[PDB]
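Below is one structure, written out as structure tokens, with a few remarks after it.
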Amino acid sequence: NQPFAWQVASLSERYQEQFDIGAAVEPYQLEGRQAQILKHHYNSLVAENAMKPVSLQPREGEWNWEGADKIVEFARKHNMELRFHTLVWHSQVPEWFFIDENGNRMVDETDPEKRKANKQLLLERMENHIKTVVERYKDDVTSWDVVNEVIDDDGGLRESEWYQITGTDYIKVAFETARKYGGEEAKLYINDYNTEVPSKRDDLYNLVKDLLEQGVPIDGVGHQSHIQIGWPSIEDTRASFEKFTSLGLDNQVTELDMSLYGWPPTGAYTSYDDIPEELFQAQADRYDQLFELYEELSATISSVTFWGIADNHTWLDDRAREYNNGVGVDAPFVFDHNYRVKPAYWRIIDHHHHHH
Ligand SMILES: [Ca+2]
Ligand SMILES: [Ca+2]
Ligand SMILES: [Ca+2]
Ligand SMILES: [Ca+2]
Ligand SMILES: [Cu+2]
């Protein structure tokens, strides 16, 4: 039976001078064993939910800073980098953004003069959101996820309310506004998932190149990295990192977890004790290879952030229950649901270098 995460060598120290090791957190996890785990193993942090647009400005001019501030205060106290998730997103965004001064839905507007008015009103609202946030946190944040999931899985830009109302300008303006209030040393990222899929990678590459050629201040690309034990391939991961490095962009892994399952995640285990040890071994093998890659590419990667700390709190539990009639569990980390280390931990902390 394995030792507890507080009883073993630090992950962040293992990867000193290669990349920071981060976790996504909620304010209420900043106590007890999870706080202990954070200090011991991570040197970087991101708010799982406290800094998303809906959390911070749920109605116009009503600002909810308290939870965000707590994460910032803990990062200050314990010398952790802080990434900001997220300034602009089609999801988890208040609907008040997309309603005009008459109470009408901007997406439904038909007359051109009013569509242009709506685009300017929406960009002003977006710019004000970003200005207030960045002015408040600019000295505490070291990477900004400026826009999140702007590329569609079937080829284009995502046809969200932002896109339908502003076209591509909400992206140009979010970056220019972040740069303006954040200063030159703010690092501005575009974040997305399935960046390893050739066709999505290319669409992001095209967007970003095009934005860079227009002088839009993009410093890096964020790779959410919601992966599985058998997908995506190391080769495809490698190709993705290198394509963006070729534009002179930093890469960060922003939301790493490795599901035990495929897609859709049926049929999930309903108990942690039901998970076979061969599956955990496979997870360890894959993490080893993944972190060997990261290391191969560490000049191109500034930060690797897991989307949580230990298996007892993961959005992947929700997603298992969503696809399995409300029951089901996932175990995507190197620390288990009781905070004990898993086979994956030993395989990413180790100094093995014999290749495979
Ligand atoms: Ca750092
Ligand atoms: Ca690095
Ligand atoms: Ca779990
Ligand atoms: Ca290893
Ligand atoms: Cu190995």
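Identifiers for the structure tokens are assigned positionally: chains receive A, B, ... in sequence, residues are indexed from 1 per chain, and ligands are indexed from 1 in the order shown.
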
Site check for ligand 3: residues at most 7 Å away, only C-alpha atoms and all ligand atoms, as a count of residues only: 10

Could you list, as a PDB file with C-alpha atoms, in the first residue's frame, all residues that come within 8 Å of ligand 2? Count only C-alpha atoms and all ligand atoms.
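Saved result, selection39.pdb, follows:
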ATOM      1  CA  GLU A  17      14.591  24.160 -14.942  1.00  0.00           C
ATOM      2  CA  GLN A  18      12.427  22.170 -17.401  1.00  0.00           C
ATOM      3  CA  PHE A  19       8.899  23.351 -16.600  1.00  0.00           C
ATOM      4  CA  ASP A  20       6.643  24.371 -13.705  1.00  0.00           C
ATOM      5  CA  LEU A 297      10.650  19.306 -25.675  1.00  0.00           C
ATOM      6  CA  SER A 298      11.248  21.243 -22.463  1.00  0.00           C
ATOM      7  CA  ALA A 299      12.805  24.250 -24.240  1.00  0.00           C
ATOM      8  CA  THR A 300       9.404  24.702 -25.913  1.00  0.00           C
ATOM      9  CA  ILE A 301       7.236  24.104 -22.761  1.00  0.00           C
ATOM     10  CA  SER A 302       7.197  26.528 -19.844  1.00  0.00           C
ATOM     11  CA  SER A 303       4.505  24.861 -17.749  1.00  0.00           C
TER      12      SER A 303
END

Might you pull out every residue within 10 Å of residue 150 in chain A, with only C-alpha atoms counted and same-chain residues fewer than 5 positions away left off, and present them as a PyMOL selection string? chain A and resi 88-90+156-160+162-163+168+171+190-193+204+207

Can you spit out the residues from that selection as a PDB file, in the first residue's frame, using N, CA, C and O atoms?
ATOM      1  N   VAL A  88     -12.008  35.091 -21.849  1.00  0.00           N
ATOM      2  CA  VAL A  88     -13.034  35.073 -22.880  1.00  0.00           C
ATOM      3  C   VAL A  88     -13.291  33.627 -23.315  1.00  0.00           C
ATOM      4  O   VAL A  88     -12.380  32.925 -23.735  1.00  0.00           O
ATOM      5  N   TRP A  89     -14.541  33.199 -23.183  1.00  0.00           N
ATOM      6  CA  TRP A  89     -14.925  31.820 -23.427  1.00  0.00           C
ATOM      7  C   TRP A  89     -16.409  31.758 -23.823  1.00  0.00           C
ATOM      8  O   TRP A  89     -17.208  32.519 -23.296  1.00  0.00           O
ATOM      9  N   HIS A  90     -16.768  30.880 -24.764  1.00  0.00           N
ATOM     10  CA  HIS A  90     -18.180  30.717 -25.181  1.00  0.00           C
ATOM     11  C   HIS A  90     -18.992  30.037 -24.099  1.00  0.00           C
ATOM     12  O   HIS A  90     -20.215  30.165 -24.044  1.00  0.00           O
ATOM     13  N   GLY A 156     -13.815  25.061 -38.681  1.00  0.00           N
ATOM     14  CA  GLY A 156     -13.600  26.515 -38.717  1.00  0.00           C
ATOM     15  C   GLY A 156     -13.255  27.107 -37.366  1.00  0.00           C
ATOM     16  O   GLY A 156     -12.683  26.446 -36.507  1.00  0.00           O
ATOM     17  N   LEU A 157     -13.597  28.380 -37.221  1.00  0.00           N
ATOM     18  CA  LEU A 157     -13.790  29.002 -35.928  1.00  0.00           C
ATOM     19  C   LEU A 157     -15.123  28.556 -35.358  1.00  0.00           C
ATOM     20  O   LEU A 157     -16.077  28.341 -36.090  1.00  0.00           O
ATOM     21  N   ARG A 158     -15.172  28.442 -34.037  1.00  0.00           N
ATOM     22  CA  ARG A 158     -16.375  28.086 -33.341  1.00  0.00           C
ATOM     23  C   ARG A 158     -17.404  29.203 -33.505  1.00  0.00           C
ATOM     24  O   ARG A 158     -17.093  30.365 -33.269  1.00  0.00           O
ATOM     25  N   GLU A 159     -18.629  28.820 -33.874  1.00  0.00           N
ATOM     26  CA  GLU A 159     -19.714  29.757 -34.178  1.00  0.00           C
ATOM     27  C   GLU A 159     -20.487  30.133 -32.909  1.00  0.00           C
ATOM     28  O   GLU A 159     -21.710  30.117 -32.867  1.00  0.00           O
ATOM     29  N   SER A 160     -19.756  30.502 -31.873  1.00  0.00           N
ATOM     30  CA  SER A 160     -20.345  30.940 -30.615  1.00  0.00           C
ATOM     31  C   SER A 160     -21.022  32.297 -30.764  1.00  0.00           C
ATOM     32  O   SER A 160     -20.850  32.980 -31.753  1.00  0.00           O
ATOM     33  N   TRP A 162     -19.988  34.948 -29.412  1.00  0.00           N
ATOM     34  CA  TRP A 162     -18.891  35.911 -29.671  1.00  0.00           C
ATOM     35  C   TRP A 162     -18.620  36.038 -31.162  1.00  0.00           C
ATOM     36  O   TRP A 162     -18.483  37.151 -31.708  1.00  0.00           O
ATOM     37  N   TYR A 163     -18.479  34.884 -31.805  1.00  0.00           N
ATOM     38  CA  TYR A 163     -18.194  34.840 -33.230  1.00  0.00           C
ATOM     39  C   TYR A 163     -19.340  35.390 -34.062  1.00  0.00           C
ATOM     40  O   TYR A 163     -19.133  36.154 -34.972  1.00  0.00           O
ATOM     41  N   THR A 168     -14.276  37.622 -36.177  1.00  0.00           N
ATOM     42  CA  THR A 168     -12.998  37.281 -35.597  1.00  0.00           C
ATOM     43  C   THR A 168     -12.440  38.377 -34.713  1.00  0.00           C
ATOM     44  O   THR A 168     -11.407  38.177 -34.089  1.00  0.00           O
ATOM     45  N   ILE A 171     -11.423  38.151 -30.742  1.00  0.00           N
ATOM     46  CA  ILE A 171     -10.117  37.544 -30.473  1.00  0.00           C
ATOM     47  C   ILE A 171      -9.013  38.578 -30.612  1.00  0.00           C
ATOM     48  O   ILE A 171      -8.210  38.740 -29.696  1.00  0.00           O
ATOM     49  N   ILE A 190      -3.560  31.567 -26.077  1.00  0.00           N
ATOM     50  CA  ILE A 190      -4.793  31.055 -26.612  1.00  0.00           C
ATOM     51  C   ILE A 190      -4.841  29.598 -26.117  1.00  0.00           C
ATOM     52  O   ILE A 190      -3.855  28.865 -26.229  1.00  0.00           O
ATOM     53  N   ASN A 191      -5.963  29.183 -25.548  1.00  0.00           N
ATOM     54  CA  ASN A 191      -6.091  27.860 -24.961  1.00  0.00           C
ATOM     55  C   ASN A 191      -7.070  27.012 -25.787  1.00  0.00           C
ATOM     56  O   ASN A 191      -8.035  27.540 -26.323  1.00  0.00           O
ATOM     57  N   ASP A 192      -6.790  25.717 -25.958  1.00  0.00           N
ATOM     58  CA  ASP A 192      -7.729  24.823 -26.651  1.00  0.00           C
ATOM     59  C   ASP A 192      -7.465  23.340 -26.366  1.00  0.00           C
ATOM     60  O   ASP A 192      -6.394  22.983 -25.827  1.00  0.00           O
ATOM     61  N   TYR A 193      -8.445  22.490 -26.723  1.00  0.00           N
ATOM     62  CA  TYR A 193      -8.339  21.044 -26.550  1.00  0.00           C
ATOM     63  C   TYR A 193      -8.236  20.386 -27.936  1.00  0.00           C
ATOM     64  O   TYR A 193      -8.527  21.018 -28.967  1.00  0.00           O
ATOM     65  N   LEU A 204      -5.917  26.044 -35.776  1.00  0.00           N
ATOM     66  CA  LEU A 204      -5.334  26.932 -34.752  1.00  0.00           C
ATOM     67  C   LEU A 204      -4.057  27.582 -35.289  1.00  0.00           C
ATOM     68  O   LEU A 204      -3.856  28.768 -35.125  1.00  0.00           O
ATOM     69  N   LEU A 207      -5.056  30.355 -37.719  1.00  0.00           N
ATOM     70  CA  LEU A 207      -5.599  31.515 -36.973  1.00  0.00           C
ATOM     71  C   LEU A 207      -4.460  32.294 -36.366  1.00  0.00           C
ATOM     72  O   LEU A 207      -4.346  33.508 -36.579  1.00  0.00           O
TER      73      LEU A 207
END

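Put simply, CA of residue 256 in chain A is 19.8 Å away from CA of residue 92 in chain A.
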
Using backbone DSSP assignments, extract all helix (DSSP H, G or I) residues from range 36-273 of chain A; output them as a PyMOL selection string. chain A and resi 36-41+53-56+66-78+95-98+106-108+112-137+161-166+169-182+198-213+234-245+272-273

To check your reading of the model: which residues sit at most 9 Å from ligand 5 when counting only C-alpha atoms and all ligand atoms? Write the answer as a PDB file with N, CA and C atoms, in the first residue's frame.
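Done, and the output landed in pocket-v2.pdb:
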ATOM      1  N   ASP A 285       2.605   3.680 -17.642  1.00  0.00           N
ATOM      2  CA  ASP A 285       3.409   3.588 -18.868  1.00  0.00           C
ATOM      3  C   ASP A 285       3.203   4.839 -19.724  1.00  0.00           C
ATOM      4  N   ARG A 286       1.952   5.251 -19.879  1.00  0.00           N
ATOM      5  CA  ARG A 286       1.599   6.350 -20.778  1.00  0.00           C
ATOM      6  C   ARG A 286       2.064   7.699 -20.234  1.00  0.00           C
ATOM      7  N   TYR A 287       1.929   7.876 -18.924  1.00  0.00           N
ATOM      8  CA  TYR A 287       2.425   9.087 -18.257  1.00  0.00           C
ATOM      9  C   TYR A 287       3.942   9.170 -18.389  1.00  0.00           C
ATOM     10  N   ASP A 288       4.612   8.042 -18.224  1.00  0.00           N
ATOM     11  CA  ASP A 288       6.058   8.013 -18.388  1.00  0.00           C
ATOM     12  C   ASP A 288       6.481   8.538 -19.781  1.00  0.00           C
ATOM     13  N   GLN A 289       5.817   8.024 -20.808  1.00  0.00           N
ATOM     14  CA  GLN A 289       6.091   8.421 -22.177  1.00  0.00           C
ATOM     15  C   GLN A 289       5.759   9.883 -22.399  1.00  0.00           C
ATOM     16  N   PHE A 291       5.621  12.356 -20.143  1.00  0.00           N
ATOM     17  CA  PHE A 291       6.628  13.217 -19.490  1.00  0.00           C
ATOM     18  C   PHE A 291       8.052  13.089 -20.065  1.00  0.00           C
ATOM     19  N   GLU A 292       8.374  11.954 -20.671  1.00  0.00           N
ATOM     20  CA  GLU A 292       9.590  11.860 -21.513  1.00  0.00           C
ATOM     21  C   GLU A 292       9.524  12.789 -22.715  1.00  0.00           C
ATOM     22  N   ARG A 347       6.521   6.680 -11.929  1.00  0.00           N
ATOM     23  CA  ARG A 347       7.010   6.715 -13.311  1.00  0.00           C
ATOM     24  C   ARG A 347       7.286   8.121 -13.859  1.00  0.00           C
ATOM     25  N   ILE A 348       6.750   9.168 -13.236  1.00  0.00           N
ATOM     26  CA  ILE A 348       7.088  10.522 -13.677  1.00  0.00           C
ATOM     27  C   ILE A 348       8.083  11.201 -12.767  1.00  0.00           C
ATOM     28  N   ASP A 350      10.621   9.418 -11.487  1.00  0.00           N
ATOM     29  CA  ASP A 350      11.859   8.687 -11.606  1.00  0.00           C
ATOM     30  C   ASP A 350      12.842   9.327 -12.596  1.00  0.00           C
ATOM     31  N   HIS A 351      14.067   8.827 -12.527  1.00  0.00           N
ATOM     32  CA  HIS A 351      15.149   9.322 -13.350  1.00  0.00           C
ATOM     33  C   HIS A 351      15.491   8.316 -14.431  1.00  0.00           C
ATOM     34  N   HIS A 352      14.523   7.521 -14.842  1.00  0.00           N
ATOM     35  CA  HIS A 352      14.818   6.485 -15.827  1.00  0.00           C
ATOM     36  C   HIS A 352      15.046   7.187 -17.161  1.00  0.00           C
ATOM     37  N   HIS A 353      16.037   6.694 -17.915  1.00  0.00           N
ATOM     38  CA  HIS A 353      16.389   7.263 -19.206  1.00  0.00           C
ATOM     39  C   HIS A 353      16.898   6.186 -20.197  1.00  0.00           C
ATOM     40  N   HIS A 354      16.197   5.064 -20.290  1.00  0.00           N
ATOM     41  CA  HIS A 354      16.653   3.974 -21.144  1.00  0.00           C
ATOM     42  C   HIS A 354      15.921   3.861 -22.468  1.00  0.00           C
ATOM     43  N   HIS A 355      14.908   4.699 -22.677  1.00  0.00           N
ATOM     44  CA  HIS A 355      14.124   4.715 -23.908  1.00  0.00           C
ATOM     45  C   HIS A 355      13.322   3.428 -24.078  1.00  0.00           C
ATOM     46  N   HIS A 356      12.408   3.411 -25.054  1.00  0.00           N
ATOM     47  CA  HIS A 356      11.499   2.288 -25.269  1.00  0.00           C
ATOM     48  C   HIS A 356      11.289   1.982 -26.758  1.00  0.00           C
TER      49      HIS A 356
END

Skipping near chain neighbours, those fewer than 6 positions away, what residues fall within 9 Å of residue 45 in chain A using only C-alpha atoms, listed as a ChimeraX atom specification? /A:21-25,38,71,75,80-84,305

If you count only C-alpha atoms, which residues fall within 9 Å of residue 251 in chain A, apart from same-chain ones fewer than 2 positions away, as a PyMOL selection string? chain A and resi 189+219-223+241+244-245+249+253+300-303

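With only C-alpha atoms as the atoms that count, the residue of A:277, A:235, A:13, A:127 with the shortest distance to residue 174 in chain A is A:127.
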
Quick one: residues within 8 Å of residue 339 in chain A, only C-alpha atoms, excluding same-chain residues fewer than 4 positions away - as a PyMOL selection string? chain A and resi 4-5+310-311+335

Go ahead and write the residues just picked, N, CA, C and O atoms, as a PDB file, in the first residue's frame.
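The resulting part.pdb:
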ATOM      1  N   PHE A   4       1.458   8.276   1.124  1.00  0.00           N
ATOM      2  CA  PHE A   4       0.682   9.465   0.833  1.00  0.00           C
ATOM      3  C   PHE A   4       1.542  10.471   0.132  1.00  0.00           C
ATOM      4  O   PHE A   4       2.751  10.526   0.367  1.00  0.00           O
ATOM      5  N   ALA A   5       0.906  11.264  -0.726  1.00  0.00           N
ATOM      6  CA  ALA A   5       1.570  12.292  -1.516  1.00  0.00           C
ATOM      7  C   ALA A   5       2.468  13.243  -0.700  1.00  0.00           C
ATOM      8  O   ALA A   5       3.459  13.778  -1.224  1.00  0.00           O
ATOM      9  N   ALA A 310      -5.868  15.428  -6.991  1.00  0.00           N
ATOM     10  CA  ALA A 310      -5.957  13.994  -6.728  1.00  0.00           C
ATOM     11  C   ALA A 310      -7.278  13.464  -7.251  1.00  0.00           C
ATOM     12  O   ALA A 310      -8.200  14.247  -7.553  1.00  0.00           O
ATOM     13  N   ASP A 311      -7.373  12.145  -7.403  1.00  0.00           N
ATOM     14  CA  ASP A 311      -8.528  11.542  -8.062  1.00  0.00           C
ATOM     15  C   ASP A 311      -9.879  11.828  -7.384  1.00  0.00           C
ATOM     16  O   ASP A 311     -10.912  11.668  -8.017  1.00  0.00           O
ATOM     17  N   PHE A 335      -1.948  11.021  -8.181  1.00  0.00           N
ATOM     18  CA  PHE A 335      -2.398  10.826  -6.791  1.00  0.00           C
ATOM     19  C   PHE A 335      -3.847  10.318  -6.739  1.00  0.00           C
ATOM     20  O   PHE A 335      -4.752  10.870  -7.395  1.00  0.00           O
TER      21      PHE A 335
END

List the neighbours of residue 11 in chain A out to 7 Å using only C-alpha atoms; skip same-chain residues closer than 5 positions along the sequence, and give me the result as JSON, numbers by chain. {"A": [21, 41, 42, 349]}

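Among the candidates A:95, A:255, A:296, A:278, the residue lying nearest to residue 148 in chain A is A:255 (atoms considered: only C-alpha atoms).
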
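In this structure, CA of residue 35 in chain A sits 22.8 Å away from CA of residue 139 in chain A.
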
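Closest approach to ligand 4 among A:327, A:181, A:210, A:15: A:15, based on only C-alpha atoms and all ligand atoms.
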